[PDB]
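Protein chains in written order, with the numbering used here: chain A, 1 to 209; chain B, 1 to 207; chain C, 1 to 235; chain D, 1 to 240; chain E, 1 to 207; chain F, 1 to 226; chain G, 1 to 245; chain H, 1 to 232; chain I, 1 to 235.
Listed below in structure tokens is the structure:
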């Protein structure tokens with residue numbers, strides 16, 4: 001095809017943007033978010049041994065307001081931006097690696113197959129990250145509908161105990177997500193940096209010609 | 001064989017007449033429908049992308065939309081007529097399937113792949129008509145629930161979101177139909193040699 | 001998986017499964033036992049009949065005047081290799097005009113089993129051998145493997161349920177040296193008892209032995225001479 | 001993947017995994033060591049006792065290729081005795097050709113060349129055994145060479161084959177072996193054998209030692225039982 | 001197991017009954033019904049060019065249906081009930097013609113497996129065709145109820161009018177599909193009959 | 001020992017099909033038969049200055065009156081070189097005369113056939129273009145790995161060979177002197193070749209009444225002046 | 001030696017057929033049209049030319065037509081590679097006949113001799129079969145003018161008229177109509193072959209270069225084989241042109 | 001060279017190779033022969049089309065000797081190898097023995113080739129089955145059929161090709177001591193056996209007969225129509 | 001299929017030949033040779049990982065004949081195997097053609113050996129590439145390199161091993177500026193080439209340097225004392 005020299009620069013500047021974002025993500029964002037989530041694991045909020053005291057029981061009726069768990073809400077505010085930031089930046093890594101696929105050949109695709117296996121592992125993490133985003137919205141849909149169902153049902157009290165399970169399951173997921181997210185940043189650094197040789201240079205270029 | 005020797009010649013209706021009638025459909029009906037949709041792509045109702053210009057006036061705290069219906073009057077017979085002719089193509093390939101044998105399965109595998117792509121086109125036009133029925137079900141439930149909602153301006157304004165989506169999808173359907181008409185003739189005519197004659201029968205009798 | 005198809009292909013742990021399947025072929029044969037003293041050597045062979053009306057198979061093969069052997073494994077693989085053992089021993093008396101040293105014969109047995117291993121398409125010989133013989137240095141008990149490994153032995157028991165015999169061979173190993181010909185038969189038949197089931201034990205029909213010695217050439221006994229050998233032996 | 005099936009088929013990284021797997025089989029073999037000095041070369045091997053039912057002197061791990069050439073093999077015993085006679089045929093054909101004893105460097109080359117010949121063909125299999133070759137002469141002197149399963153020979157002041165090798169090689173580097181005499185070297189060989197073997201997996205063993213040098217008059221000779229027990233007592237001074 | 005010469009012979013009579021039925025199916029039933037549905041499609045009620053007359057007006061009890069569409073449904077349903085049962089006769093016949101399991105002569109055995117699966121696939125399609133007929137019965141009645149549930153939105157009446165079109169459009173398509181259900185049934189069983197009823201075995205060797 | 005080349009379900013040979021696709025992407029090579037001589041101009045490209053141009057030459061003579069060029073694999077060509085030259089030897093052994101080009105190409109193309117049948121061996125990856133001079137009539141032949149040899153007045157081979165054939169179809173006709181045959185072979189070579197054109201980048205040779213001879217870089221530079 | 005690389009070409013199909021043999025005839029089915037006619041006063045063998053280019057030489061003789069010996073000749077349809085060996089082997093076989101029997105080979109002996117070689121390669125050896133089908137013409141002292149047809153499977157049979165390659169069934173259908181057994185001579189068969197060649201060939205503008213015609217007849221006790229010059233074929237084109245329109 | 005085992009055992013002991021070879025035998029043309037008193041009659045259908053193919057090269061009725069002829073059904077290529085190699089060995093027998101070749105002595109050699117080449121390394125099993133019929137000393141006829149597996153057997157009446165079992169059903173029921181009693185009965189019975197497999201048959205049916213020490217004679221098509229003329 | 005034996009890929013390539021290229025970098029060494037005016041110099045790294053390893057027995061510089069030097073980059077097992085055959089071919093030249101084989105005709109026969117491995121699926125190619133030097137009496141010094149594929153060409157300087165493009169990049173600095181090539185000044189570029197890419201500054205005991213000159217046509221390896229004299233002076 002044919003295109004203007006400015007259109008070449010529009011593509012080149014785009015490739016230069018992904019180069020700086022992918023390199024910064026590997027050598028800056030990854031080591032910073034690993035220790036950041038490691039500090040959140042060391043925070044006394046996630047170190048609580050007794051989960052039964054972390055429940056937020058609500059009255060079951062000019063009715064009074066029915067807030068959620070103050071600790072879970074505050075910890076969801078910490079986990080949520082890490083779920084978005086990790087997901088968004090992995091996508092830039094998925095894009096940057098995908099551009100390194102050369103012209104499709106009929107062989108010597110092992111370096112390309114390595115690139116695919118890296119993308120599949122990132123996609124596997126990306127699905128787990130999206131599952132954490134569902135869990136963040138799960139606590140609001142589950143507890144919200146269950147408390148009002150426990151509000152309209154005064155005969156069956158154990159709905160609130162099911163709401164209490166949503167408290168312990170959330171807090172259990174809160175530390176689990178922060179632990180799993182930190183593991184994800186660690187897996188990304190281990191997969192990308194170690195295989196970076198085959199990611200950037202998938203072909204040995206041994207051609208004798 | 002101990003079979004009745006009468007009515008067996010009735011297969012020549014679909015193995016010859018409808019068979020040659022489906023032949024005419026390939027190089028005549030299919031391209032006639034390609035240039036036909038090319039006139040339907042000139043409709044400005046599908047070409048407008050503006051939400052407010054596309055959507056009809058809505059009285060809610062009950063008018064309908066006849067502009068999309070006139071577009072449906074063009075789209076609905078096109079997805080259905082294609083679906084009817086695809087059924088003829090399935091039968092047209094069915095009569096060309098040879099008897100059971102070991103070799104010469106290359107042309108048979110072609111008949112299986114082409115017929116499966118005909119089922120794919122049949123699935124697409126079924127999803128088209130299903131979405132067409134969803135225009136009345138979803139929007140019908142949209143303005144019915146919107147009529148009950150007053151202080152909510154969110155769900156009431158979101159009713160027009162599917163109103164714009166109806167126009168953009170119908171134009172995408174017409175574009176897909178023209179691709180379907182082209183792919184039917186292009187795929188069949190390219191493999192026409194092996195589809196009609198999957199077995200050349202040049203094997204010596206060795207008798 | 002894919003690595004058991006032949007001998008040549010090595011497993012990722014560096015093992016050959018076809019050699020393993022050949023070494024497990026020997027354990028599917030009859031159980032025989034043998035022992036030597038400072039003077040004599042006795043090979044006790046267990047004979048098994050294919051059916052009740054069938055006669056007992058011969059597990060003893062005469063090789064040289066001072067040499068004898070018991071076969072455990074595939075029958076025909078022993079036969080082709082027996083034609084090789086006897087040919088080499090006949091070649092010894094054809095060339096050297098002397099009895100072939102039992103250690104030299106077994107070394108030729110291994111060399112014959114090393115040939116099929118390193119080459120593709122050749123199967124190794126799936127028969128095991130317990131061989132005995134007397135020479136200037138006294139009697140010798142040797143054992144061979146389809147893996148081509150061969151060892152020098154005081155006494156051994158091969159076949160199924162051989163450890164109950166080998167445990168017996170460990171406790172009486174001190175006595176095996178100083179006993180005489182009549183006692184070696186008593187210890188040999190009592191060693192065979194441990195490899196045998198709890199129902200059928202000892203009959204002169206299915207039990208045969210052979211003996212080589214200082215001035216005594218290798219001699220095979222079957223029934224008539226074995227009957228007094230079984231007499232006077234508790235189990 | 002199918003790339004490691006035959007030795008004739010290269011890996012995607014340009015390697016032969018069939019030769020590698022033959023090397024992994026050597027790592028399961030018992031440990032054997034050797035050391036060369038100005039007086040000669042000292043051999044030692046750990047011979048594991050499999051059962052008490054085996055006669056003394058059975059499963060001899062000290063191989064004699066030629067009058068002045070000793071050998072110690074760690075690996076598959078089947079391929080060991082094969083190459084053993086083949087190495088003797090090369091030394092015998094040498095004498096049948098040039099009328100004297102083949103030098104150790106020339107013998108290690110011909111043997112290693114025949115080891116590498118089976119790595120090329122897919123219709124055969126490479127050797128699963130590795131060994132060391134010592135020699136001594138008045139014109140050459142003490143020499144020690146080791147051949148791997150890939151058929152490559154390297155000159156060594158000392159070497160270790162079998163399971164434990166790198167651990168025994170570092171213990172040899174901690175002290176100068178050149179000025180020592182074979183009488184003092186066998187004291188260190190038995191000392192290393194007791195360090196390598198502990199009771200965890202294996203049960204019992206026997207010390208098989210061999211000497212070549214001035215003490216043996218330049219000829220390959222096994223160590224007698226009298227000196228072997230005395231050499232153990234020197235190692236029993238510290239181990240015990 | 002022991003052999004009972006009486007009861008087992010009656011089982012053989014049952015197999016021979018299905019053989020006689022299959023012969024009557026191929027010789028008479030199949031080719032005559034194919035030409036019958038071909039003239040059934042030529043009926044001008046199925047050729048209707050204007051579906052606006054087919055829209056049933058709803059008074060929004062004064063609730064009716066389109067007599068043309070319902071009668072066309074009542075005309076198609078017995079043809080669907082006939083193709084399903086005659087297919088079950090073929091399905092049982094194909095299974096009873098399969099010999100015992102052996103290693104040799106398995107070429108014709110694998111052929112009988114594929115032909116048998118083709119009839120199970122048709123049986124699933126035939127059940128889905130009659131299900132759509134009963135599906136539109138519940139969907140149209142509920143759509144009219146939704147029109148009376150909210151006597152304002154006109155999309156519900158347009159939905160019923162679209163369902164009236166969806167019914168009639170599917171009628172003409174199913175008539176072609178049931179006619180193909182006969183043609184594909186007749187073609188496959190006619191193409192495996194003559195020497196393919198007993199494709200292998202009964203040869204072995206002279207000695 | 002089993003044949004690696006078998007018939008496809010369509011009847012074509014699968015192995016030789018990739019052989020023809022291999023020579024299609026080789027080094028661009030063109031030739032022209034005009035008047036009393038045949039011009040052979042090929043492409044020798046070196047990746048670096050360290051490469052010595054006098055060590056390796058792509059244009060090689062078969063004999064005095066015959067010469068050959070190639071587009072395809074390097075190693076398979078030298079095998080063709082030794083066997084074709086030995087075939088000309090064994091020719092001169094029996095017949096004691098210079099070999100005709102028709103008989104030379106015939107029995108050499110038969111060697112390409114032998115490996116489409118014999119097992120454990122791949123077909124040749126080289127498409128040979130043969131030039132010859134016999135009895136005053138010039139010869140230009142074209143052979144591919146399939147073993148079928150043809151005859152052409154002018155043709156092209158290697159990368160973008162379709163363009164070189166169409167260009168000579170338009171430009172080239174009869175009544176062209178050897179001097180015009182060189183300058184026409186250069187023009188069709190300027191189209192397929194990209195970049196600056198020097199005497200080292202192109203290797204040219206001709207065959208005439210005096211036999212097949214390779215052009216020196218000095219006289220090639222004279223033809224680079226247009 | 002690896003048994004994974006062996007396709008085992010001797011495997012029979014469940015219907016008792018050979019795959020490599022059936023794939024050979026399919027490759028022959030794509031070859032150009034070649035026909036021959038047995039006539040009273042001579043034999044006629046004509047064929048088309050599929051390769052057409054302005055830069056072609058063709059300074060040789062015919063393309064698919066070869067000469068087996070003085071009294072015989074053949075045509076070719078198939079892979080030109082396997083055709084060269086068969087043409088060599090046929091000439092070797094026909095010459096080895098001249099060794100022992102020192103007489104012109106009967107047209108029946110030369111056919112069954114090559115076919116025994118074709119079936120030997122399909123029987124064993126592991127080598128692929130041959131992809132060439134051959135027609136044979138000539139004269140012998142016993143049966144006279146002869147026309148034969150060969151298949152790559154080794155099967156052969158006598159024919160008064162036949163066709164191989166492209167448009168074979170179309171020419172055979174016309175041979176069942178116009179051909180008169182024991183009536184039309186070599187002269188009438190020449191005009192008939194040109195008629196069949198023009199109608200069965202969908203490519204228009206038949207020229208003396210695009211087609212080839214060869215005749216073999218016995219005159220005054222000597223077998224006369226010749227290939228009609230392009231001008232002589234052009235004269236026949238002028239004759240058929242008037243006949244056609 | 002090419003050396004490997006072609007025919008190999010299966011879990012059931014049957015040989016897929018040999019079985020597929022017999023399938024090609026079943027798809028061959030129908031050929032039949034019947035032992036008379038002093039005569040034997042061979043016949044085969046011919047599938048000639050449009051007077052095009054010559055009738056000289058089609059003949060499937062071959063003679064191994066003056067007293068021994070044969071007919072085959074199967075691959076026509078494999079038959080030409082067996083017939084030639086059988087004639088080479090049959091006359092090599094007359095080199096070893098002045099007396100002629102008994103039909104049983106050539107049959108054992110022929111079937112032995114199908115034994116060797118089936119189990120031989122790299123070779124292929126034959127796809128043909130042929131009827132070797134001839135006259136032993138004293139004029140006693142013999143009829144033998146081979147098998148691609150290598151077995152052979154004696155038959156008073158036998159048939160091969162497609163519908164070979166159907167022809168045997170005719171032979172099994174209609175062959176008695178009354179059958180093949182004279183010349184007129186032997187000729188009619190062989191024709192009547194082929195009359196069932198007649199499909200557009202006419203002149204296409206080919207027949208041959210050998211009588212005592214007389215050589216194999218081919219009965220011309222005109223007398224075929226005369227013997228088929230009497231069906232009552 | 002195409003990736004197991006040597007046969008044409010879908011694009012017409014050979015993957016077994018490409019893996020033979022990838023087998024060169026598996027050696028873990030880097031060598032360089034520069035063709036000078038009157039001289040030819042090879043510089044390679046001498047690796048002695050073990051203290052017990054004898055340095056005199058580990059040499060990467062090989063002698064094909066008097067006037068021809070050699071260095072091997074690739075699999076060590078394949079390297080020493082080709083050199084033995086290279087000496088078999090070099091001696092076959094003199095036994096046939098009468099004179100010392102030139103470096104061009106020597107690389108040709110060695111390349112033809114790799115051609116047989118490529119075309120035939122029976123034998124695998126060698127994973128070593130040979131770099132040969134020498135001085136021809138007509139054209140002067142001759143330095144060539146042969147890859148396992150069989151391609152060889154005249155090189156003003158050679159590069160092999162882990163460092164290839166970077167080694168050539170430094171060699172491009174010298175040839176483009178047209179530097180004067182003498183015995184010392186070629187050793188100046190050769191040591192600097194390998195030192196800057198690996199960031200080492202090789203010691204005399206860490207490397208071995210073969211040299212050949214017009215005045216000294218016999219190939220000889222420089223002594224550590226001379227290498228040190230060519231080190232400090234070159235520093």
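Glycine included, C-beta positions come from ideal geometry on N, C-alpha and C.
Could you say which of the options lies nearest to residue i if we only look at CA atoms?
i: residue 59 of chain D; options: D/91, D/49, D/167, D/7; result: D/49
i: residue 164 of chain E; options: E/29, E/58, E/2; result: E/58
i: residue 200 of chain F; options: F/53, F/115, F/87, F/22; result: F/53
i: residue 108 of chain E; options: E/1, E/6, E/192; result: E/192
Near residue i, what residues of its chain come up, given a Cβ to Cβ distance below 6 Å and the 5 sequence neighbours on each side ignored?
i: residue 134 of chain I; result: 67, 68, 103, 142
State the CB to CB distance for the pair residue i and residue j, rounded to an integer number of angstroms; the pair is presumed to be in contact (CB under 8 Å).
i: residue 32 of chain G; j: residue 47 of chain G; result: 7 Å
i: residue 2 of chain H; j: residue 122 of chain H; result: 5 Å
In its own chain, which residues sit with a C-beta less than 7 Å from the C-beta of residue i, not counting the 5 before and 5 after it?
i: residue 70 of chain C; result: 32, 34, 43, 45, 59, 60, 130
Fill in: beta strand (DSSP E) runs contained entirely in the segment 22-83 of chain F, provided each spans 3 or more residues
Here the runs fully enclosed are 29-34, 37-43, 66-72.
Discussion item. Threshold first: 4 residues or longer. Then list the alpha helix (DSSP H) segments lying entirely within the segment 89-174 of chain F, N to C.
Written reply: 101-114, 161-171
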